[PDB]
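*Asks:* Structure provided below as structure tokens; questions to follow.
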Amino acid sequence: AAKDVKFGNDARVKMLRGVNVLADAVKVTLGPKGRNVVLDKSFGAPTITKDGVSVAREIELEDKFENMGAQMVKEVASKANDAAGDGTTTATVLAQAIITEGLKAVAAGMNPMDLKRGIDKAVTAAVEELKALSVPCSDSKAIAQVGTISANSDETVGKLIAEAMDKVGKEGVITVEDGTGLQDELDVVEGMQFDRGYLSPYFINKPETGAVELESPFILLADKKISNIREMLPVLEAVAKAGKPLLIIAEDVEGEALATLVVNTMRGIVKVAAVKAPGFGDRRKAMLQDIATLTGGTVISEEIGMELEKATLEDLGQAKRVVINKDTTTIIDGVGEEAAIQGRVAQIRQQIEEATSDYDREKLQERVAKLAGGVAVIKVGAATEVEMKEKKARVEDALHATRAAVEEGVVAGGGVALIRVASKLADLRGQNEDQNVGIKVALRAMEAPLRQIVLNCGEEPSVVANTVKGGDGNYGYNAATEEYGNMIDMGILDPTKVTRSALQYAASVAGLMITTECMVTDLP
Amino acid sequence: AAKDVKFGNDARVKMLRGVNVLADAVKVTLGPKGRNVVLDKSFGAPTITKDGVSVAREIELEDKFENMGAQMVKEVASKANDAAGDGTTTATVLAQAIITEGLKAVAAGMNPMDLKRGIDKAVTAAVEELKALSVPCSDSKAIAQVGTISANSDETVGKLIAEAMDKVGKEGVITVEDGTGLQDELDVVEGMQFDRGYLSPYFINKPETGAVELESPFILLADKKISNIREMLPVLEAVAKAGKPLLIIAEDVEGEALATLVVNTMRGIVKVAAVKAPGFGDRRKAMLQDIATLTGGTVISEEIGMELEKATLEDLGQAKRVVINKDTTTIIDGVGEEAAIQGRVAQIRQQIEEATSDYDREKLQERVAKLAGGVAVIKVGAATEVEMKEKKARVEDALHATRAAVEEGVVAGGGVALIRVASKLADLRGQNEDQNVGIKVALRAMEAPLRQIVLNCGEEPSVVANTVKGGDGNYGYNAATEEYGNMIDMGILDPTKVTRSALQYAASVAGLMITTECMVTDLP
Amino acid sequence: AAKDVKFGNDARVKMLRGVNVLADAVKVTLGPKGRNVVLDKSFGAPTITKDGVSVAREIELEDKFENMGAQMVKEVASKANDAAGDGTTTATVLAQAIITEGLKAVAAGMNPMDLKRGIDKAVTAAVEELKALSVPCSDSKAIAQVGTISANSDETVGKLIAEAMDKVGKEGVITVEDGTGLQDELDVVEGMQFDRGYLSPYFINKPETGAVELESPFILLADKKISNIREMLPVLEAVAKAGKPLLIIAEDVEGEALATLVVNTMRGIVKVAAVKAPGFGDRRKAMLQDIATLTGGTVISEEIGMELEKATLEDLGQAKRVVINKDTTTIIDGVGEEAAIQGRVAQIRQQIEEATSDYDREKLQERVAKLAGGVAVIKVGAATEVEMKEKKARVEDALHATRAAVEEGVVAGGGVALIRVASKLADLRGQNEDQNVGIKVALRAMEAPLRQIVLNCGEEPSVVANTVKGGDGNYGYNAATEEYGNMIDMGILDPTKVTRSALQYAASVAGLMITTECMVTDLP
Amino acid sequence: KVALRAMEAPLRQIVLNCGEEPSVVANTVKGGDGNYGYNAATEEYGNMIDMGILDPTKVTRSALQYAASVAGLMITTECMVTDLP
Ligand SMILES: Nc1ncnc2c1ncn2[C@@H]1O[C@H](COP(=O)(O)OP(=O)(O)O)[C@@H](O)[C@H]1O
Ligand SMILES: Nc1ncnc2c1ncn2[C@@H]1O[C@H](COP(=O)(O)OP(=O)(O)O)[C@@H](O)[C@H]1O
Ligand SMILES: Nc1ncnc2c1ncn2[C@@H]1O[C@H](COP(=O)(O)OP(=O)(O)O)[C@@H](O)[C@H]1O
Ligand SMILES: [Mg+2]
Ligand SMILES: [Mg+2]
Ligand SMILES: [Mg+2]
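Here you go:
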């Protein structure tokens, strides 16, 4: 409908004020001494979090022009989270510093577009510098330090995470779930496992809980539902000749087959249990080949040249044992060759290098870990429920941070890396003076993440920065201990990827944001 | 949508005031002299209760920030109820004292994150102390004392509950129902009983009331409904041959089976009555195996290897006698070996140790009680329906408290245990001064439950506390008798579990709550 | 219903003000130093653009009469975009200049109709001048310069665009898609390709990802779907006999045909893969003739005179090899005579000059490019989503501008061409004085685009223009370098078509707009 | 702590008025000893008395004693009385 128009300074002032509100709320959660922010929920109990991105999503302003400024700055915090899942609070601070200084430059009559180019060039130079500074983080102690630092300096979190990454491996999958107790627990899963129950509660091999343990079983994979069509007897009787247990994978099994099966198992003629496939057509069908190849078995292609009783005992896969409960089925170890195992993994490389990334890579990776790596689950400890989400969320941030630290390395924390790189870039200049100022402005903004940490500690942000700048390399001030030294020695580490991403995302929105002459919005 | 934001002290002050309103309403219901709170309902007659958790649920505030404070403290009261079902009012009081002192520390300029750690560390130390103070609750008199104390010092309640736990047993099930009369009454049921009536009103053995008593009957368990499938006559005949009564359990019996059956029972050929299974198929089928094993019978596996005709007379379970009426069927004692009964119970151990807890365990235990234990029902007397609500509610609290006291033991009441443990922890300090203050803050908050009891009695909370602190061991002040002495001697007992849970839940919410810098809420 | 009516002077003032608001918002985005405009969305995050047409669309006014003026000027910006996709901001400026001066003439008591046609005569004369000044632009450097100038002086954009036009050719199709990285990337597609995957994932010729490469394959085109009328064996057998791979194009291929086909391909009997036709009935059927003629094959006309079985091996088309994946099918090169390729293209000439224009020629040309030319895709780099649309939008404007520059040539930029033509037309007069004033008004308005650019920069618009007028030929002022010289040397180019279109569209609406005596609108 | 911390403010105020960093100047001044300090007029560090910037000991004392006297006096005040508009 009809819209309100603001030009130049009036538009920018409202924009900045909106930006300041969002940024101020986000800043208080930054650092070891960072403070919690509570998001009010109508639906249920209020949520308290130290996560800047979570706070950013919630904030919208009554003033349409101020709101627009806040909405645009909101995205940098949101984008940083997508990139690495950490440093979102830090990224917002850089946007605050850049925008305020950029607008100040704009007031002078300097061309904003030139200022943007200066900032962008400064950013590009800064990114290259970060890569040179990044030190590899391949040791468990360093990994623990990043986890601990991400989790608002919780030593126990870093400790548990380090244990898990070493254990699962480089390509393994680690997740976190709410714990029943007040104590944090770690679970490690060995071999292939999936969320399938047994269709025959009656057949329990030994332990109670519906637990089935088959010793050196034959594994069958099929593409069809089994009901009245019994004809598969020569395959099933072949198993009887062997005197070994049979594991069945198919779309479904109904009582007719199960009825004969339960009696056959009861008298010891055959020890056989049947379970349903993984779940969805493109899902379960895709995961069947790997199960079969891993166990050395053959998938029955209903679709291709195969039939229900057309398939010898040769076709069935072999495993030393399987554990089945009402909710899950696990194979101890299917017997298959590494070349086939690795080969299945090798064909997975296209699957791994997929445009979708989110959703596709994590489930896919799960197969990868199940096929050769492993799966780890972490339980979170806390007395009620509000404590549990906060504790849990930070652990995930640490989980994401460690994954990032391993792949791209780490840099000194406390904002020292950005301030240290700024000194390095003091000689960078552009096409004209407006660009030179823009460059210089970006360098100025680099300092802010460091000083927010100090500010939140109730100490002079400027005084600490002057001494830190005075220092060399990794020298910096530890907010927790309230003293100077070497940041790396202390254990305060920033994954290079989050540091890099924060600066780039903050700068990307900020350059365009400062160049806005006119803003348009609807009246109340 | 659009957000209203408060920072620092303004946020915390609003939060505190909201918490104070919630806690003030809760406090008046704490102690022997505690007073009732009336909750209004547009639906019908208002509910009056001394139960703090119920009062907490109903409190919501007009001020959006104040409401946020109250909503967060609401959870500690509610969480405590989930754990033990008692001490919810006491837990709220601890939250009140911890929060007020914690915020005061925050005002001082101390880092709240550190304050939280001090509190959390202090809580862990306090919990360990409670276990050492805790003494076993085994005798009936002590159980009665906890029941009596829980039910706002009602002696009759403690007396009746003690009789029931001893009588039913350690794993027995106790419930409470309203009473027809003005007097409290206890009902105890032994053997296997269920809420199933008879399909044939016509077959009444001796007492009229739909009452069927069969002497040395054979019990039939089935997985199908019998409409036109009257065939099974050789089974029925085998029973006619036996000359013994027949009890029938199956999904349903139609008039066709009943019609022939009625004539057969009336002229003396056979005495047979049929009743429909427990209710829902997974649930009825699950309870059928125990019924058969308990009576030494065999469940007919229509599903597995059994048919309607196929089943010998010996398959049927045996019992001394059964009692049947329109609403319920009861078996005096099925004849089964002690080992088999115990064995079903043994497989139930997985069932007992279930992640579900709520609902699954209650029903599970009921099966277990029927299998080997006993079931008790308590009726509550009162002239009016609302009086009945208050009286009954307190009885349940005592029931939960006794269950808690038996499993985890008891500690001295009147808040003496928390104040007594506080003296012990005077030696606890940590990483920094802010933590030390946080620890100290928690110790001070410990005192509050004791003083609220005294405050509600119209006496100086501080003066009684000074003498209590002055005392040793279990020495304390009895609010009801208005004098000092040994609390254990008095008969005032606090189950260790409720006391521990209250402190833990109160502190966990309080630690995060005191660390809040910014609050977000919707506009008026 | 019930209309508010304004006459003469009051109506025109309201109209002018509405126009001025719209124009002023548009004006700030004109030039190298032009500034961005942010459009607020209730849906997602706000949009930031320098594109005048996008801004014009979003502007609606609270005052009903002013809004009417704004809506009326909105079309000139919208029409310019439709004609060339560039020059929309400039067109609005001309409308601003013409209308303001025209209204002033109206105020004098001059006949508006005479003023309007005087303007129209001047416009027609100005257009003729533009063709004379227009110079060819067939060289890559000049094309790059227009791309760079359109993209708000971004050199990298102009460089990449020039490369694509040269390589795909005159009739090639170029589109732009968001890039995953922070860098710009160019993709070129050669040969015949369509967006359809394979219905047989099982048959992969060599590389994974479903990549199928058939060497010297036969191509089958059909108007059929195949279920159980597999009966095409004589055709399939003929191919088996030849030992060559088969590619199948038809409405659908399913289960039974694929099942047998899969076994045949795996064991080496035949190497055959099938893919679904292009998409919709007439659309896919229309594209079948070209596929078959290109490959030298014959489409199976179910409808005309051919049967499923009926078709010899010669009917099938031949290609060197094809590339197939899960979402795309590509033919390296079908062997077909150029006379046939051009002949297919020749029948396309009617298709090319189709009244539909929008949509029809774009897709039609895509077929054309696939038939003989090439297809190019450009990817745009940016850290965040808001940067991404702005960067990409400008690239599209440049893409459209280059297309316009090639077909109609270019003129010197900075508004120099309009100012230069205006000096030439100083001798143009009409039937009466009122027309003569209108002519003069048009010439006067021509100057404005030049001065608006300078005004955006921050320099005196009149001073620069006075010196520019003093100059000759292509002499002008470069806003970005802040100096005078030859605009062509500089690399500042305006496609003749956008320049011409802006002037004609602005003038057409402006003439009618200044002739308004009375306005009709609804009440508040 | 309130009294000691309050002492710092006049220095900071001097520097703040000048448009210089109060925290940075205060930090460096704290490091020094005796009459060493920052001269706001000349923007440099040295012996303030030698430089020519000084206050009588009596005025500094009197200002500090009165400020504390009134502050404490307000802190202990529980009631205020005035006429309505
Ligand atoms: N104890 C500490 N001492 C000094 N710096 C710290 C300490 N803990 C964390 N930091 C730093 O401050 C930054 C922000 O903390 P954090 O709240 O985790 O923000 P993110 O949420 O990481 O923006 C870190 O990336 C790190 O460099
Ligand atoms: N007669 C009494 N004398 C002293 N203390 C008592 C007496 N009765 C109860 N108390 C104490 O006060 C607490 C609060 O009573 P209650 O109403 O049951 O609150 P909860 O609802 O248990 O907070 C008890 O747990 C107990 O320690
Ligand atoms: N650096 C420059 N120096 C002088 N003129 C320029 C420069 N850059 C662009 N222009 C001119 O100003 C016009 C407006 O730019 P543009 O934003 O693309 O508007 P349109 O969107 O073209 O109205 C161009 O068509 C061109 O002639
Ligand atoms: Mg973090
Ligand atoms: Mg109680
Ligand atoms: Mg343009």
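Protein chains in written order, with UniProt numbering: chain A, 2 to 525; chain B, 2 to 525; chain C, 2 to 525; chain D, 441 to 525.
Every residue gets a Cβ at the ideal spot worked out from N, C-alpha and C, and that includes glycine.
1. So with Cβ pairs under 8 Å, would you call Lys105/A a contact of chain C?
2. Helix, strand or coil for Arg452/C? Go by DSSP, reduced to three states.
3. Beta-carbon separation of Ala85/B and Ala57/B under 8 Å?
4. Enumerated in chain order, which unbroken segments of the alpha helix (DSSP H) with a length of 4 residues or greater are wholly contained in the segment 156 to 215 of chain C?
5. Under 7 Å between beta-carbons, which chain A residues line up against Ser509/B? List them in chain order, please.
6. Excluding the 5 residues flanking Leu365/A on each side, which residues of the same chain have their C-beta closer than 6 Å to its C-beta?
7. When we look at the beta-carbon of residue 390/D and count the other beta-carbons within 10 Å, is it buried (16 or more) or exposed?
8. May I ask you to check if the CB of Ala394/A is nearer than 7 Å to at least one heavy atom of ligand 1?
9. Could you work out which residues of chain A lie near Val264/C, taking near to mean beta carbons separated by less than 8 Å?
10. Do you know offhand how far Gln146/B's Cα is from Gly159/B's?
11. With DSSP run on the structure shown, which of helix, strand or coil describes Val271/A?
12. For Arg395/C, tell me which candidate among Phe195/C, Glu156/C, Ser135/C, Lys168/C has the shortest Cα-Cα distance.
13. Give me the chain A residues within the contact set of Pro113/B, using Cβ-Cβ distance strictly less than 9 Å, ordered along the chain.
14. Examine ligand 1 and report whether any of its heavy atoms sits within less than 7 Å of the Cβ of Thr468/A.
15. Report the option in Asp87/C, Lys34/C, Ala258/C whose CA atom is closest to the CA atom of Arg452/C.
16. Just grab the DSSP bridge partners of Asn37/C for me.
17. I think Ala251/B touches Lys225/B, with their Cβ atoms under 8 Å apart; what is that distance to the nearest whole Å?
18. Is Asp398/A near ligand 4, going by C-beta to nearest heavy atom under 7 Å?
19. Can you pull out the residues from the segment 455 to 489 of chain D whose beta carbon lies closer than 7 Å to at least one beta carbon of chain A?
20. Whose Cβ in chain A lies nearer than 9 Å to the Cβ of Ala123/B?
21. Reducing DSSP to helix, strand and coil, say where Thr357/C ends up.
22. Scan the segment 213 to 278 of chain C and note each continuous beta strand (DSSP E) run of 3 residues or more that stays entirely inside, going in chain order.
23. Within a Cβ cutoff of 7 Å, which residues of the same chain sit near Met389/A, ignoring the five residues on either side of it in sequence?
24. Can you list, in chain order, the residues of its chain whose CB lies under 6 Å from that of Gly416/C, leaving out five sequence neighbours each side?
25. Put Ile332/C into one of helix, strand or coil per three-state DSSP.
26. Please list the partners that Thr210/A has in chain B, where partner means a Cβ-to-Cβ separation under 7 Å.
27. From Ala46/C to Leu524/A, what distance separates their C-alpha atoms?
28. So with Cβ pairs under 8 Å, would you call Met233/A a contact of chain C?
29. Could you check how far apart the C-beta atoms of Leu247/A and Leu221/A are, in whole angstroms? I think they sit under 8 Å.
30. Between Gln366/A and chain C, is any beta-carbon pair separated by less than 8 Å?
31. Out of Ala340/B, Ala109/B, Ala413/B, point me to the one whose CA is closest to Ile489/B's CA.
32. Where does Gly318/C fall in DSSP's three states?
33. Report the start-end ranges of each alpha helix (DSSP H) in the segment 431 to 480 of chain B that is 4 residues or longer and not cut off at the edges.
34. Using DSSP with H/G/I as helix, E/B as strand and the rest coil, what is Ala46/C?
35. Beta-carbon within less than 8 Å of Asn37/B's beta-carbon, same chain only, minus the 5 sequence neighbours each way: which residues are those?
*Replies:* The short version:
1. As a working note, residue 105/A is residue 104 in the first sequence. Not closer than 8 Å to any Cβ of chain C, the Cβ of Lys105/A fails to qualify, so no.
2. Working through the third sequence from its first residue, we reach residue 452/C at position 451. If DSSP states are grouped into helix, strand and coil, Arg452/C belongs with the helices.
3. As a position in the second sequence, residue 85/B is number 84, starting the count at 1. As a position in the second sequence, residue 57/B is number 56, starting the count at 1. The answer is no: Cβ separation not under 8 Å.
4. For the segment 156 to 215 of chain C, the continuous alpha helix (DSSP H) assignments of 4+ residues that do not extend past its boundaries occur at 156 to 169, in sequence order.
5. Reading the second sequence from its first residue, position 508 is the one you call residue 509/B. By Cβ distance, chain A contributes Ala383, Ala384, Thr385, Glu388.
6. Taking the first sequence and counting its residues from 1, one reaches residue 365/A at position 364. Close CB contacts of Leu365/A within its chain, under the 6 Å cut and outside five residues either way in sequence, are with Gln352 (chain order).
7. There is no way to answer for residue 390/D, as the model of chain D reaches only from 441 to 525.
8. Taking the first residue of the first sequence as 1, we reach residue 394/A at position 393. Checking the Cβ of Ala394/A against ligand 1 gives no.
9. Position 263 of the third sequence holds residue 264/C. Residues of chain A with a Cβ closer than 8 Å to the Cβ of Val264/C are, in chain order, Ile305, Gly306.
10. Stepping through the second sequence from its first residue, residue 146/B is reached at position 145. Stepping through the second sequence from its first residue, residue 159/B is reached at position 158. Distance from the CA of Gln146/B to the CA of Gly159/B, rounded to the nearest whole angstrom, comes to 6 Å.
11. Mapped onto the first sequence, residue 271/A falls at position 270. Note: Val271/A maps to coil in three-state DSSP.
12. As a first step, residue 395/C must be located in the third sequence, where it is residue number 394. Proximity to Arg395/C across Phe195/C, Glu156/C, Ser135/C, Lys168/C peaks at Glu156/C, based on C-alpha coordinates.
13. Within the second sequence, numbered from 1, the residue matching residue 113/B stands at position 112. Counting only Cβ-Cβ distances below 9 Å, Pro113/B has contacts in chain A at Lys34, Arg36, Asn37, in chain order.
14. To locate residue 468/A, count along the first sequence from 1; it is residue 467. It does not: the Cβ of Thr468/A is nowhere closer than 7 Å to a heavy atom of ligand 1.
15. To locate residue 452/C, count along the third sequence from 1; it is residue 451. Cα-wise, what sits closest to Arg452/C is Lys34/C.
16. Along the third sequence, read from residue 1 onward, the residue named residue 37/C stands at position 36. As a beta-bridge residue in DSSP terms, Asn37/C pairs with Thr517/A.
17. Your numbering for residue 251/B matches position 250 in the second sequence. Your numbering for residue 225/B matches position 224 in the second sequence. Confirmed, about 6 Å.
18. Here residue 398/A is taken as the residue at index 397 of the first sequence, counted from 1. Taking 7 Å as the cut-off, the C-beta of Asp398/A counts as close to a heavy atom of ligand 4.
19. Taking 7 Å as the Cβ-Cβ cut-off against chain A, the residues of the segment 455 to 489 of chain D that qualify are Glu461, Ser463, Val464, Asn467.
20. Position 122 of the second sequence holds residue 123/B. Contact of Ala123/B with chain A by beta-carbon distance below 9 Å is absent, the smallest such distance being about 14 Å.
21. Along the third sequence, one-based indexing puts residue 357/C at 356. The answer is coil: DSSP assigns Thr357/C none of H, G, I, E or B.
22. Secondary structure within the segment 213 to 278 of chain C: the beta strand (DSSP E) runs of 3 or more consecutive residues, fully enclosed, are 213 to 216, 219 to 222, 247 to 251, 273 to 277 (chain order).
23. For the purposes of this step, residue 389/A is taken as the residue at position 388 of the first sequence. Correct list, in chain order: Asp179, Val381, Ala383.
24. The residue labelled residue 416/C in the question sits at position 415 within the third sequence. So the list reads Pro450, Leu451, once near-sequence residues are dropped.
25. As a first step, residue 332/C is located in the third sequence; it is residue number 331 there, counting from the start. In the three-state DSSP reduction, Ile332/C falls in the strand class (E or B).
26. Here residue 210/A corresponds to residue number 209 of the first sequence, with the count starting at 1. The answer, in chain order, is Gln351.
27. Residue numbering aside, residue 46/C sits at position 45 when the third sequence is read from its first letter. Residue numbering aside, residue 524/A sits at position 523 when the first sequence is read from its first letter. So the alpha carbons of these two residues sit roughly 18 Å apart.
28. The residue labelled residue 233/A in the question sits at position 232 within the first sequence. Answer no: the Cβ-Cβ gap between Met233/A and chain C never drops below 8 Å.
29. The residue you call residue 247/A lines up with position 246 of the first sequence. The residue you call residue 221/A lines up with position 220 of the first sequence. Their Cβ separation, rounded to whole angstroms, is 6 Å, which keeps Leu247/A and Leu221/A in contact under 8 Å.
30. Working through the first sequence from its first residue, we reach residue 366/A at position 365. So no, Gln366/A is outside the interface.
31. By one-based count along the second sequence, residue 489/B stands at place 488. For the residues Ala340/B, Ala109/B, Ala413/B, the minimum Cα distance to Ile489/B belongs to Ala413/B.
32. By 1-based counting over the third sequence, the position of residue 318/C is 317. Strand, per DSSP.
33. Here the runs fully enclosed are 434 to 457, 462 to 471.
34. As a working mapping, residue 46/C is identified with position 45 in the third sequence. DSSP places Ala46/C in the coil class of the three-state scheme, outside both helix and strand.
35. Here residue 37/B corresponds to residue number 36 of the second sequence, with the count starting at 1. Only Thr30, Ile49, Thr50, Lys51, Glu391 meet the Cβ criterion.
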